[PDB]
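Participant: these are from a larger complex, still in place; more later:
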Amino acid sequence: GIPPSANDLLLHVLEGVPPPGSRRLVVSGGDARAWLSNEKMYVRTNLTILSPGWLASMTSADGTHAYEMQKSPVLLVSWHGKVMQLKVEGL
Amino acid sequence: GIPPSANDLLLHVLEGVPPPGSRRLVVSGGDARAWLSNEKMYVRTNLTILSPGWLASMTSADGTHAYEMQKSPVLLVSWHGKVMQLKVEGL
Amino acid sequence: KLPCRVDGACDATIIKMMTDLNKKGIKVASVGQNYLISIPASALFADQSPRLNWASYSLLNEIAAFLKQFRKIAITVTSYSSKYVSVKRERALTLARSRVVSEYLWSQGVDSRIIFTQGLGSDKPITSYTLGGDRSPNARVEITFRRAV
Amino acid sequence: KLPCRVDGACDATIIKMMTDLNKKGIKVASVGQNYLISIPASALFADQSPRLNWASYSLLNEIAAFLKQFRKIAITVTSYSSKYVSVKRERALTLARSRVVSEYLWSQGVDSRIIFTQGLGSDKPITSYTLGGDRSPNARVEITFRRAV
Amino acid sequence: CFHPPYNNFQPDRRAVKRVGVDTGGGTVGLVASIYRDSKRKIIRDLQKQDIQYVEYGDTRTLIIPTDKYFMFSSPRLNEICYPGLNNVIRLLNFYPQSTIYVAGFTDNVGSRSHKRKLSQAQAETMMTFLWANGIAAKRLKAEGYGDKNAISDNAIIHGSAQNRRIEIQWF
Amino acid sequence: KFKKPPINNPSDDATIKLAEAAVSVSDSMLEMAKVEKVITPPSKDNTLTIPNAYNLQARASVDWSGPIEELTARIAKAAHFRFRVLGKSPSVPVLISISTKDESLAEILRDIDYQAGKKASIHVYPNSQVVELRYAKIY
Amino acid sequence: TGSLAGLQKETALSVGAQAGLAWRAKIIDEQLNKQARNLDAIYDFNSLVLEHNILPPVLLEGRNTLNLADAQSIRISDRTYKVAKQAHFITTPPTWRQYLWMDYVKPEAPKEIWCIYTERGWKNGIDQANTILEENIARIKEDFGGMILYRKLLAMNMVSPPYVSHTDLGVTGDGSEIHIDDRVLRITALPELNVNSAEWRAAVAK
């Protein structure tokens, strides 16, 4: 069987609109937004995610990244060649 | 029938990872580690076990030995031509 | 529980070291978000040799303590000298001087990602009065960067 | 319930006995983990004969009490002498001296596995001044070992 | 006075400053000078820094740690530890006729060619520093061994730390 | 007084265990590198693809732990060369890790090109003053 | 008890161990954060990934194996090789923080013989934290060594590489949603050991 193409919620995540029925999460330490809908995290950012591993990904025209991944209270990012961490609350 | 070749837990014992579901034992008097999984001790050391007798044995590339044997509160080892004893607690 | 500022930095401390360096004689300039530090070569090196004096390490420590106050990605260190014998010798001299200065700056704890070193010799003078040697105002070392966010 | 140190050994005792042996004149040297004890032959044997004096057993007891403070596997005992008659007589004398010294040391309670004995004659001198007999500094016995763990 | 970077490779006039400052006694300053210029005071000062001195027969040996007297994993000389190097020069000034051997030693971490090259580079750097202070080039020879003949155990931390060294022997 | 030369700062058992693991990792890598060099002898060097020129001899100390394009663009901008990109960038980013001290920009570009591997390549044209990064024809 | 002439509290350990474990975990976390770049240089998982972003499998090696199954019969082997984990697609490389980082939560939930048992529990918690860190180091060392041994046996021609098939479609979709260039990548054969010893190729290093 052919695998599924993508998840179409990532277009709304790229545009910045939260998916319906989801709840907000608090992100500290950097410029990113996160939502939780079906025990999965949807992240809109422009940094590079290194450690935790994501399931699906899309990119916009101006360089914005949208990720679908599993829930985790920490993220590892690369900012400008420097590795740092982002804190996720509300899980 | 053909006898079994080995036990595959001794590769993890050689690497140093304890077998799953086991419990730790305290070893005093020398450089050795022990675990208890199925009423059998698994011992990781680089000494030579002399008295109690073992059931299975493996050896790594750098000279580390892995033993499978029955439980016993005392081990007799040879260090550099000298015979001494190791104490096993937590049985 | 979150931090309230960048660690080990204060605006009053930044103003204090800027005023102290400008009163000492090292030129500190800021236009927009670009920062420039201009140092005469006589306060750091010997007479047209790439050998640091022992007393200039205090000035280098002060410059490093000023440089730890900001957040940055790239530093540029450029060396300029005067005409002594030929062009090859002065480019080699300026490259060696920039290498030594950037080596001590990287040995100290500046939190930058890239430090670029170049020596331009005597190609770009800032003063038409070229009578001195290392005492001339157009023999210098320049440290330029941009403050990030 | 477990022991806290190796039995019968103390660092203050080790320092005191090294200092006492160095003040008496027996050379004790330590580089890294290797230990060397150098004894002149005049303090142990008679005039170019493999017969111990009766008073040297106290010095041998002190050397054994020093040797019991460490943990070790192998000890090397080497003998060196001067030029008297012939090289065969030199080698036989040095081998007999090393055999007697190591026999008394093994009779005493040193906890070592192997003790090696050799006598090299007069092949390797340590001093170019070779005018004496057994009073020469290059007529000696050497005890070398390595501390284990 | 004294210039901290090697005093411009000049013989230091150490005694005249002390006997000039201890006058406002000349005999007291001379006694202090002849005490502090002695060989045993130099040996005890070198024992106050981390440099070992071994005398056995007519052969003398200095042991110098690269971990404190060199930069990390480089043949560059650590300039902060200059009193030890000056005391090595002061001790070696007492024997103007002997020949000098300098040998470099490292630990067991790395490749064989890397260990040999690092030991050879550190030996050449130490030999050049000895040559630049007045010792003639025909009295010096440098050699860098790897982990060939160590003095401690390389399977333990402190024993492996004691193996990285520079050996200076003379007659 | 009896003393031995190396007397350093006190150590931690966590660092001791990490060093004990790292020595075995290091000599395992040494053995496999020796075996791989024995099996496959290389024949070509990237000096032909990336040659040196004037104003590529300015030096740099770099500690970078991110993607390749920004670092290569900064190196080209410091070297006063134009920057060109060929091919589609992959969805999984090509990550590099550089930690050097005081070496030339040609050696920096050669190290980046070697660590890129089968995903990207670096070419330098000095007559037109162009640094070009090309992506592999994969996916 | 001895000679014939000779014949003729627990809560302190529990409150000490919980403090000592957290304190030792915090110090271990600081020591790990001090050496962050050297750990990244040592455990370089990114430089071992294969062509199509596939993590290499983990292989385990044993030498000089003996088994006494029962009386009258034994089985011996010279060498053994085992596949512990299998290759799969990844999006991100692993890091040492998923292996070595220890968990720290600050506990704010709290005399003749109290102090000695409190300090005994204080030693016990530190010993427990050291044991946990040792097990984590052993786990990450086993994983990295297996990924090294896979490349060694691939150089010595004892494993097969994984094989990847890609299918390219054009412009797919209906009138309400389109995809311009679609590619489906699927690995069809996993790495495996081969028992044909005639095709093994040796290595002699000068």
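Facilitator: Ah, there it is. Numbers count the residues shown, from 1 in each chain, chains lettered A, B, ... in the order given.

Participant: the residue of chain C found nearest chain D and residue G:50, how far apart?
Facilitator: Residue nearest to chain D within chain C (Cβ to the nearest Cβ): residue C:107, separated by 31.6 Å. All C-beta atoms are positioned from the backbone trio N, CA, C, and that covers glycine. Noted for residue C:107: a distance of 39 Å to residue G:50, by Cβ to Cβ, to the nearest Å.

Participant: quick one: residues contacting residue 46.
Facilitator: I'll assume chain A. Going by Cβ atoms under 8 Å, 6 or more residues apart in numbering or on different chains, residue A:46 touches A:31, A:63, A:64, A:65.

Participant: you looked at the wrong chain, it should be chain G
Facilitator: F:95, F:97, G:93.

Participant: distance to residue G:127, secondary structure and neighbour count added to these, as JSON lines?
Facilitator: Listed next are the contacts of residue G:46 as JSON lines, based on distance: Cβ to Cβ, whole Å; DSSP: H, G, I helix; E, B strand; the rest coil; neighbours: other Cβ atoms under 10 Å in any protein chain shown:
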{"residue": "F:95", "distance to residue G:127": "39", "secondary structure": "strand", "neighbour count": "19"}
{"residue": "F:97", "distance to residue G:127": "36", "secondary structure": "coil", "neighbour count": "17"}
{"residue": "G:93", "distance to residue G:127": "34", "secondary structure": "coil", "neighbour count": "18"}
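
Participant: keep these, but drop any that are not near chain E.
Facilitator: Restricting the contacts of residue G:46 to those touching chain E (Cβ under 8 Å from any Cβ of the partner chain) yields no residues.

Participant: quick check, nearest of these to residue D:97?
Facilitator: residue F:97 (64.6 Å; Cβ to Cβ).

Participant: okay, chain H goes in next:
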Amino acid sequence: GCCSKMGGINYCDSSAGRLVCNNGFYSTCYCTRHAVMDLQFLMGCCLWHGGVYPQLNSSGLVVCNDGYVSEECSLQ
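Facilitator: Let me put chain H in with the others:
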């Protein structure tokens, strides 16, 4: 005092997450949570897993969302 030895705080620029002083200099203080901080030390257990699974336990064991058991948060 954020803008000390300056003219005082002008406003919080939320595009960069920084305060602006009454001169043209950016301040070192943060004024939003979405500012670039060099965070290297974070607390809590079941980190680098899914987090703490919210069941209430009769024993003192703490289980993460991926089936792992946190021995540091687990009570002896």
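
Participant: and the contacts of residue G:46, now that chain H is part of it?
Facilitator: Listed by Cβ under 8 Å, 6+ apart, the contact partners of residue G:46 are F:95, F:97, G:93.

Participant: try it again with 7 Å
Facilitator: Going by Cβ atoms under 7 Å, 6 or more residues apart in numbering or on different chains, residue G:46 touches F:95, G:93.

Participant: ok, it to residue H:6 distance?
Facilitator: Using Cβ to Cβ, one obtains 45 Å as the distance from residue G:46 to residue H:6.

Participant: is it true that residue E:43 touches residue E:54?
Facilitator: No: between residue E:43 and residue E:54 there is no contact, the gap being 10.9 Å when judged by Cβ atoms under 7 Å.

Participant: common neighbours of these two, please.
Facilitator: With Cβ under 7 Å, 6+ apart, residue E:43 and residue E:54 have no common neighbours.

Participant: quick one: stretch F:16-29 near chain B?
Facilitator: No: for stretch F:16-29, no contact with chain B is found by Cβ under 7 Å from any Cβ of the partner chain; the gap never falls below 7.5 Å.

Participant: buried stuff in that stretch?
Facilitator: Residues F:17, F:18, F:21, F:22, F:23, F:25, F:28 are the ones in stretch F:16-29 that count as buried (16 or more other Cβ atoms under 10 Å in any protein chain shown).

Participant: which stretches of chain C form helices?
Facilitator: Applying DSSP state H to chain C gives helices spanning C:11-24, C:57-67, C:87-107.

Participant: of those, which is nearest chain B?
Facilitator: Among the helices of chain C, helix C:87-107 comes nearest to chain B, with 37.8 Å by Cβ to the nearest Cβ.

Participant: could you list the buried residues of that closest one?
Facilitator: Across helix C:87-107, burial judged by 16+ other Cβ under 10 Å covers C:90-91, C:93-106.

Participant: same deal with stretch A:33-41?
Facilitator: A:33, A:34, A:35, A:36, A:40, A:41.

Participant: and then chain I:
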Amino acid sequence: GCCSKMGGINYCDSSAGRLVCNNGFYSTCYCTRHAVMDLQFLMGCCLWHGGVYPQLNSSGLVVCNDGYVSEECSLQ
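Facilitator: Let me put chain I in with the others:
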């Protein structure tokens, strides 16, 4: 006093299980349990068997794990 007549204790080398003094000399004291000790006398009964079998007896008999009966720990 472990490093007596020396400069005092520097640190515990756990690779050898020994203390290091403030000079370059190894100490004679142990600081880990995984240190080489010449243990020759060990206490407890059912030694050189499988150990004491943990059943509770109406009598004072002590039985080892291999079926042997230890007469020394057995009550008369």
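
Participant: the contacts of residue A:46 again please, this time with chain I.
Facilitator: Residues in contact with residue A:46 (Cβ under 7 Å, 6+ apart) are A:63, A:64, A:65.

Participant: out of those, which end up buried?
Facilitator: Among the contacts of residue A:46, those that count as buried by neighbour count (16+ other Cβ under 10 Å) are residue A:65.

Participant: list the helices and strands the helix or strand residue G:29 falls within packs on?
Facilitator: Residue G:29 is part of helix G:10-34 when elements are defined by DSSP states H and E. Packed against helix G:10-34 by the contact rule (3 or more Cβ pairs under 7 Å, 6 or more residues apart in numbering or on different chains; DSSP states H and E) you find helix F:13-39, helix G:114-155.

Participant: how far does the longest one sit from its chain's centre?
Facilitator: The one in question is helix G:114-155. Here helix G:114-155 is found 10 Å from its chain centre; the criterion is Cα atoms, centre = their mean, to the nearest Å.

Participant: quick one: residue G:32 from residue F:65, how far?
Facilitator: Using Cβ to Cβ, residue G:32 is found at 17 Å from residue F:65.

Participant: actually residue C:53, not the one I typed
Facilitator: Using Cβ to Cβ, we find residue C:53 at a distance of 36 Å from residue F:65.

Participant: now do stretch C:71-85: distance from first to last residue.
Facilitator: Terminal residues of stretch C:71-85 are spaced 41 Å apart (Cα to Cα, to the nearest Å).

Participant: sorry, wrong one. I was asking about stretch F:75-83.
Facilitator: Stretch F:75-83 stretches 10 Å from its first residue to its last (Cα to Cα).

Participant: and that stretch, does that touch chain C?
Facilitator: Yes: applying Cβ under 7 Å from any Cβ, one finds stretch F:75-83 in contact with chain C at residue F:78.

Participant: does that stretch reach chain A?
Facilitator: No: Stretch F:75-83 lies out of reach of chain A by Cβ under 7 Å from any Cβ, never closer than 12.3 Å.
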